[PDB]
Amino acid sequence: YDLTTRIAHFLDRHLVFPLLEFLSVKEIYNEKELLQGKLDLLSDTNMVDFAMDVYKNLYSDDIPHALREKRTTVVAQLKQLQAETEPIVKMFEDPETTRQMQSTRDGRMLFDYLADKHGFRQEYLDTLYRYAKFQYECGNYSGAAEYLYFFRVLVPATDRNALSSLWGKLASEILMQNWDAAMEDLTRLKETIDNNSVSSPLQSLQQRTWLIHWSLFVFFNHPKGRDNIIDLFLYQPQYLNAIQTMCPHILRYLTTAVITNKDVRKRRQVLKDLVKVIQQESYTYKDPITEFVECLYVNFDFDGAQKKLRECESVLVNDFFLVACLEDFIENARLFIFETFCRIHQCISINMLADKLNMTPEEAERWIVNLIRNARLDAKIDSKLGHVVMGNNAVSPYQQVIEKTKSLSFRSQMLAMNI
Amino acid sequence: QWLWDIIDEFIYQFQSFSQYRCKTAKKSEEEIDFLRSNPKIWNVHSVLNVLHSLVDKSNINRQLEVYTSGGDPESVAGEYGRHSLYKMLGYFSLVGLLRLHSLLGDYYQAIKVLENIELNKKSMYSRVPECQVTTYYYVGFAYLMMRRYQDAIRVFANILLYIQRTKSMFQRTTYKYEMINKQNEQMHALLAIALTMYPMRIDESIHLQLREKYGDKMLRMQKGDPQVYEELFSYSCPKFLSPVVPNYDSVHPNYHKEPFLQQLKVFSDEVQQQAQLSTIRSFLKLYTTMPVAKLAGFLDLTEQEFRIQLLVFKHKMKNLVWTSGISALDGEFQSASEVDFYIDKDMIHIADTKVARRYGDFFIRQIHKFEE
Amino acid sequence: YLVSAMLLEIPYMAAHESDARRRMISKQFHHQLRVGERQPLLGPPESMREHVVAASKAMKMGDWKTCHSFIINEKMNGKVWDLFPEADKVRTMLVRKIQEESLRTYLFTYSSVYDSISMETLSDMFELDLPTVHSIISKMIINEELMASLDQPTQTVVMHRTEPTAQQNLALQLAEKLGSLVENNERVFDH
Amino acid sequence: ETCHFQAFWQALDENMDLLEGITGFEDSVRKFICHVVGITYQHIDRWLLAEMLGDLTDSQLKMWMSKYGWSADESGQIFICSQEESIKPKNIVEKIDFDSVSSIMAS
Amino acid sequence: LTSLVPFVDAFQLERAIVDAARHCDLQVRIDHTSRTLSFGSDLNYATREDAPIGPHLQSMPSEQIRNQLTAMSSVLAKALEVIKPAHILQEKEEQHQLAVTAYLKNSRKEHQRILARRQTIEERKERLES
Amino acid sequence: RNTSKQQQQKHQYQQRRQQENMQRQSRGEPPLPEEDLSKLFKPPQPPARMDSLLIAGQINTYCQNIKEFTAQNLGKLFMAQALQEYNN
């Protein structure tokens, strides 16, 4: 793109907080885990995706990341280390600091009430300066941070603070599982990145990565935000023109949000502009699932397709990333290919179909009869065999032109006939 | 006040002329003979008849839909205004057809199908396209009211075609040219929802600009949404009855919405269960004679899984789109699958296309007349 | 350039003479070829353009067995073959694309003569395995506006069509629709 | 009108003497039940036809069996209509049109 | 067909049938599912099925339908089965010879009235029309 | 169609542009004669009613209609003869 002549000088030097280290030396399947090598960097700390991992396969490598956070609550970190039976003798600095925060707080908490009480701007803005200073120090006063950014988000340096603060809030309130407060930053961060301060390529790209995470936890059916992320900026597989960015799930969850909520007539716009472009060419070399999902599909394979599609669904059910719609993908991954395979077909067996997807032929029959009920194919079952038949040759296209080509001219000659 | 200065001056001028129309048509042949001679157009004498069809219906619909009690409008017009003009010895020329179509237009505001055949018997004089299109207009609406969907859909197709071998210039169907477009569009859209397995014959009847939108309407209606029950019924009502003017919309007078309770809620009962007949036919008959695999595959579609079963299937088969056998020892369901034919449009076009040649060869031989 | 053109433009022009002719666009090789194609003296080929013309005539007749010398021997004679270590990849791609399109430049013309097909005879005629041939015919019938129907699990294909004289119906259809949709421009100039 | 004939005879209240007071009404609706059965069915069960007509006895059904010339099949159902006589489907390529199409194209 | 027509390779004989049909020397359903070739009895018969340039095949085409095939045979072959064998037509055509003879017998009397008029007109036509 | 195209573009579509450039010229000037307006407004060489097609070409529309009539008619006689000869 036109920004990418600029991105090509900077060569992937993004403003990460954790400095490239992760839960390293992993055992199990990698394109699932590799997302915590781009998130847990561009998206700062991503600690719910540490707690998720142990439940499928035990680690003690979540522990070094679990030492190093304070805005969730300081002492929750101070326990997980003790639980791993670690001497960590010199924890004398967070008890020093986070205590003396209560002494500092009794000023701002007093000033805060008295100002919003009076309705007096000056006493509220000097508070907002004292209080936007403070609410990055500890987040356990969650109601105080919530009350702070409620009335005024315009602080003494406006957009600079507001961005790192609404981002620090969108980050911390997902870690509190305060999804309603994170849904407040869903409104406010997406405007703050669009009304941009400087548009420097080091931050412009990172701000477009931050557009993922408010859609991602699925407490209140947020994936409808597919319709937002296609309108807010132009279409891209990754919203970063630096190809060194890689999210697998952004396209899997886009594929879920297209099919499971809207009509399949809407999916070949994606198959062009999001499944073939220059970023996605690098992506097609790498991810197994999302490759099988579309490359096998668009080639109109059926044999390797509906087998390796059915194989993806073993790796899908291994997902402990929080979503509501993991199974409506498993549903539609069988539906969508079947319609397209049978589209030009002669005669498919319900029995061959049922051997493949590991269902009984009765299920496959009522499934096919429901695909025909839904009128996604015009077909008819050879009931004796348990085979299903499409057979439109549709000869004689001549008549399609013949009515209108005269009905046009007979009513359009009326124009020149008038005067 | 300017409202009812115009309205009252129409009716009082029509009640004046109603005496002249009874006086001329019956007996005074020298007065009719004197009226044949003087002008260059007898069209001025003819147009005033069916000009007052739609204008008087407007003025009487206002008075009807303002006075809902102690009825002055409907018995005055029904007794004097209509039957005096039409019942008696008719005018000695085509003018007798024009008052017949005017009376048919008045008869059709009473929701009925009986006298259409007795009116057709009295349409002795030849069916000129000007009279014939307006006959098929209300005769098709009578077949629509008669539940002859298979008949009425054929009758709406011809009158919407707009290749009917007339130039139709000089205001003969004025102020309402697109009412003939949109009413035939609308009333045909209701019929297709019932019987879409016979009509391959759709393509000449409605144009692809409208077939695309009305096509998806029928599917969206019967299958998955009762939304189209609303928007179809919104457009269908002003066209099914033809109430020429709705009165001034204000809350200070009531007076108007009270007759619209009955007029609307009468058509509610029509589209109600006639639409719910459609969804049964919507799932196409995939296998023509159904064994246990397909009968049970369709009982699942008939309605919900319950301790009472087959009886609703046995009910739904009694309507005009199913004919069947049940064999008890086999336990078998045998059924009719039915269609028409694709290759009929062309041989109806073979004359219509020759009219595009004819009128082409003719009109430029009227220009070849002038500039020569 | 000319082999990248040939391995699209010949199945594309075979579709155009199957009356899919509305996809024709100017500056394509058909105008450039005409200055040689108008000459009667077309003996055995002795230049790289003439070897492309001979490969083009064989491919415009649906033949990949004659084209073995145009893929290999004439590229060695022109000293073009030796110039890449990727020539072993190009040989495979040429063979596979030539098998796909020597099928299709047969299909687009033989569509008036077909009725049903054995997929085993396709794997013997065009070398490609049945898993691959299953995709190849599907990619045609989904896109290229032909009237066939496909039976991958029973190794079978169908067409059942009628009227081989359809070229007059289709040429007059084009002659008449480029009447009625061209005719309206004169009215838009007049208003 | 929805042809729910089993629900029709269930729905009846028998204390409304006006519905007894219409002469031939109780048989007229039964004659309309059997009228639609002839148009829409080929075979019907003896118990099924009874139930549609208000749960008739063996002797009461003898009237309705004789009315349209119906009879009992071998150890089983009543015969209502022959299979080919019920359906009467419409046709493709009838193509009688040449007896008028040639005459308009005559000149 | 392999037992009726020996060739260099049987797979290449079924190819040769495809190849000749694609070259428009004939038109046939080779490449088929049951390995049955169909030539067709008529079908939508068209000149691709024969050589139009003269006949390269021997002069034994079978019967096929085309425009006026029935009609013109109905004129001539039904008349030839009267003109060739008949006892009847010799009397009818002798009566037609008598009509031809009567036309000439009547009109060659009028040649005396045509001759002198056409002779003087034809002598004068250059003198007059120039 | 391409003859009619180019002449109807001289008839209307060029006069359309020249009418706007006349409006940019304000249709003439005080100080000097209207030379640039007069250099815009020159009659284009193809008139209304280009004569060769409208006469001699149209004598051949009549011949084309009569070749279509002649080819049709023999076909009509077979369509009667064929069905009816076999109908016995």
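Our structure's up above, just so we're on the same page.
Reference entry: report on the structure contained in this document.

Calculation rules
Residues numbered from 1 in each chain as written, not as in the entry; some residues may be left out. Chains lettered and ligands numbered in written order. Part of a larger assembly, values for the part shown. Heavy atoms only, no water. Helix = DSSP H or I, 4+ residues; strand = E, 2+ residues; numbered from the N terminus. Rg over C-alpha atoms; globule rule 2.2 N^0.38 Å. Buried < 20%, exposed > 50% of the residue type's maximum accessible area, 1.4 Å probe, protein only. Contact = heavy atoms within 4.5 Å. Areas by Shrake-Rupley, 256 points an atom, 1.4 Å probe, with all protein chains shown as cover. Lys, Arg positive; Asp, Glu negative; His and termini not counted. Charge placed at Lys NZ, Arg CZ, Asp CG, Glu CD. Buried area = accessible area lost by both parts, 1.4 Å probe. Salt bridge = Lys/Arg side-chain N within 4 Å of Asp/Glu carboxyl O. Polar contact = N/O pair within 3.5 Å; in protein donor to acceptor, adjacent residues only side chain to side chain. Pairing = 2+ DSSP bridges. Axes fitted to C-alpha atoms, helices over the stretch in contact; angles between N-to-C directions. Parallel < 35°, antiparallel > 145°, perpendicular 65-115°, else oblique. Left-handed = near helix turned anticlockwise from the far one by under 90°. Nonpolar A, V, L, I, M, F, W, Y, C, P; charged D, E, K, R; others polar. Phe/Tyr/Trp six-rings, centres within 6.5 Å; stacked < 30°, edge-to-face > 60°. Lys NZ or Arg CZ within 6 Å of the ring centre and 35° of its normal. Expected span 1.5 Å × (residues − 1). Bend = angle between axes of the 7 residues up to and from the residue. Disulfide = S-S within 2.5 Å.

**A word on the overall build of chain D**
Next, step 1: Helix and strand counts for chain D stand at seven helices and three strands.
Next, step 2: The helix and strand sequence of chain D, counted from the amino end, reads α-α-α-β-α-α-β-β-α-α.
Next, step 3: Against the 2.2 N^0.38 benchmark of 13 Å for 107 residues, chain D shows a C-alpha radius of gyration of 21 Å, more extended than a compact globule.
Next, step 4: Along the three orthogonal principal directions, the C-alpha set of chain D runs to about 75 × 40 × 20 Å.
Next, step 5: Looking at chain D as a whole, 30% of its 107 residues qualify as buried.
Next, step 6: Considering only residue pairs separated by 6 or more positions, chain D has 55% of its internal contacts joining residues 24 or more positions apart.
Next, step 7: Surface accessibility of chain D: about 7300 Å² in total, with carbon and sulfur atoms responsible for 54%.
Next, step 8: When the 8 positive and 18 negative side-chain charges of chain D are each reduced to one mean point, those points stand 6 Å apart.

**Brief notes about the interface of chain C and chain A**
Next, step 1: Taken together, the contact between chain C and chain A spans 33 residues of the former and 25 residues of the latter.
Next, step 2: When the two sides are added together, the surface that chain C and chain A hide from each other amounts to roughly 2500 Å², 57% of it contributed by carbon and sulfur.
Next, step 3: Looking only at chain C, the three residues that lose the most surface to chain A are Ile142, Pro153 and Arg187 of chain C, adding up to 23% of its buried area.
Next, step 4: There are one salt bridge connecting chain C and chain A.
Next, step 5: For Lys406 of chain A, the salt bridge goes to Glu176 of chain C, with nearest N and O atoms at 2.6 Å.
Next, step 6: Linking chain C with chain A are 17 residue pairs in polar contact, by the criterion used here.
Next, step 7: Of all elements in the fold, only α8 (130-143), β2 (149-151), β3 (156-158) and α9 (166-190) of chain C reach the threshold of two or more residues within the side of chain C that touches chain A.
Next, step 8: Residue contributions to the side of chain C that touches chain A peak at 11 residues, all from α9 of chain C.

**Considerations on the arrangement of the chains**
Next, step 1: The interface with the highest contact count, out of eight pairs of chains in contact, is the one between chains A and C.
Next, step 2: Nothing in chain A touches chain E; the tightest C-alpha to C-alpha distance between them is still 14 Å.
Next, step 3: Separated in space, chain D and chain E share no contact, their closest pair of C-alpha atoms being 16 Å apart.

**Things to note about the sheet that holds β2 of chain C**
Residues and elements named next belong to chain C.
Next, step 1: Spatially, the three strands line up as an open sheet ordered β1-β3-β2, and their pairing is antiparallel. Both edges of this open sheet fall to β1 (116-118) and β2, since each of them pairs with a single strand only. In this sheet, neighbouring strand axes are inclined to one another by 15° on average, regardless of whether the strands run parallel or antiparallel.
Next, step 2: When β2 meets β3, the two strands line up antiparallel, connected through three bridges. Bridge pairing links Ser149 to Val158 in β3.
Next, step 3: Across the sheet, α8 lies against β2 and β3, angled at about 160° from β2, the strand it touches most.

**Thoughts on the packing of helix α9 (residues 159-175) of chain A against helix α10 (residues 179-194) of chain A**
Residue and element names in this part refer to chain A.
Next, step 1: The geometry of α9 relative to α10 is characterised by a closest axis approach of 9 Å and an angle of 150° between their N-to-C directions. With respect to their mutual orientation, α9 and α10 come out roughly antiparallel. Crossing geometry of α9 relative to α10 is assigned as left-handed. Mapping the contact onto sequence places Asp159, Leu163, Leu166, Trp167, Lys169, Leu170, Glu173 and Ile174 in α9 and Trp179, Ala181, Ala182, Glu184, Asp185, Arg188, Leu189, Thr192 and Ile193 in α10.
Next, step 2: Here the contact of α9 with α10 is composed, by residue class, of 10 nonpolar, one polar and six charged.

**Some thoughts on the side chain of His51 of chain C**
Next, step 1: Its place among the elements puts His51 of chain C in helix α3 (residues 48-59).
Next, step 2: A polar contact of 3.3 Å, which involves the side chain of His51 of chain C, links it to the side chain of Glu74 of chain C.

**A short note on the packing of aromatic side chains**
Next, step 1: Scanning the model with the defined rule gives 32 aromatic pairs over all chains in all.
Next, step 2: With 4.7 Å between their ring centres and 5° between their planes, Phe302 of chain A and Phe341 of chain A make a pair best called stacked. Note that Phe302 of chain A is positioned in the loop between α16 (288-298) and α17 (303-316) and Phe341 of chain A in helix α18 (residues 326-341), a separation of 39 residues in sequence. You'll find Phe302 of chain A and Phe341 of chain A in the same group, each marked buried.
Next, step 3: Pairing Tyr110 of chain C with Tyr114 of chain C gives two aromatic rings, centres 5.1 Å apart and planes at 70°, and the pair type is edge-to-face.
Next, step 4: According to the relative accessible area criterion, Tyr110 of chain C is buried, its value standing at 1%.
Next, step 5: Aromatic rings pair up to connect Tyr108, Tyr137, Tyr138, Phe141 and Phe156 of chain B into one cluster.
Next, step 6: For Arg71 of chain A, the ring lying beneath its charged end belongs to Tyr136 of chain A, and the centroid distance is 4.8 Å.
Next, step 7: The ring of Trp64 of chain D is capped by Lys67 of chain D, whose NZ or CZ atom sits 5.4 Å from the centre of that ring.

**Focus: the interface of chain B and chain D**
Next, step 1: Between chain B and chain D, the residue contacts involve 25 residues of the former and 27 residues of the latter.
Next, step 2: Between chain B and chain D, the buried area comes to about 2400 Å², and carbon and sulfur atoms account for 56% of it.
Next, step 3: Three residues, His315, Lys318 and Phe341 of chain B, lead the burial of chain B against chain D; their summed loss comes to 27% of the area buried on that side.
Next, step 4: At the boundary of chain B and chain D, one finds one salt bridge.
Next, step 5: For the salt bridge of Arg147 of chain B with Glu1 of chain D, the shortest nitrogen-to-oxygen distance reads 2.8 Å.
Next, step 6: Looking at the side of chain B that touches chain D, the elements that each hand over two or more residues are α15 (311-316), β2 (324-327) and α16 (345-370) of chain B.
Next, step 7: Considering each element in turn, the side of chain B that touches chain D owes the most residues, four residues, to β2 of chain B.
Next, step 8: Per-class residue counts for the side of chain B that touches chain D are 11 nonpolar, eight polar and six charged.

**Some remarks on the side chain of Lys76 of chain F**
Next, step 1: Topologically, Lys76 of chain F is positioned in helix α3 (residues 51-87).
Next, step 2: Salt bridges are absent for the buried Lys76 of chain F, whose nearest opposite-charge side chain, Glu68 of chain F, sits at 11 Å.
Next, step 3: Within the structure, the side chain of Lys76 of chain F is placed 2.8 Å from the side chain of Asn73 of chain F, a separation counted as a polar contact.
Next, step 4: Filtering out sequence-adjacent residues up to four positions away, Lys76 of chain F remains in contact with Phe98 and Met105 of chain D.

**Points about helix α3 (residues 43-64) of chain B**
Next, step 1: The first and last C-alpha atoms of α3 of chain B sit 31 Å apart over 22 residues, in line with the 32 Å expected at 1.5 Å per residue.
Next, step 2: A bend of about 30° at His52 of chain B is the largest found in α3 of chain B.

**Observations regarding the pairing of β2 of chain B**
Residues and elements named next belong to chain B.
Next, step 1: With burial as the criterion, each face of β2 is covered, one bearing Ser324 and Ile326 and the other bearing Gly325 and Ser327.
Next, step 2: Bridging between β2 and strand β3 (residues 332-335) involves four bridges; their strand directions are antiparallel. The residue bridging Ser324 from the neighbouring strand is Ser335, located in β3.
Next, step 3: Connecting the antiparallel pair β2 and β3 is a turn made up of four residues, with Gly331 showing a positive phi of about 80°.

**Details of the state of the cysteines**
What we call a disulfide is simply a covalent bond connecting the sulfur atoms of a pair of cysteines.
All names here are of chain D.
Next, step 1: Counted according to the given criterion, the structure contains zero disulfides over all chains.
Next, step 2: With no disulfide of its own, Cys81 has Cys34 as its nearest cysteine by sulfur position, at a separation of 14 Å.
Next, step 3: Under the relative-accessibility criterion, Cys81 is labelled buried at 15%.

Read these as geometric descriptors, not functional statements.
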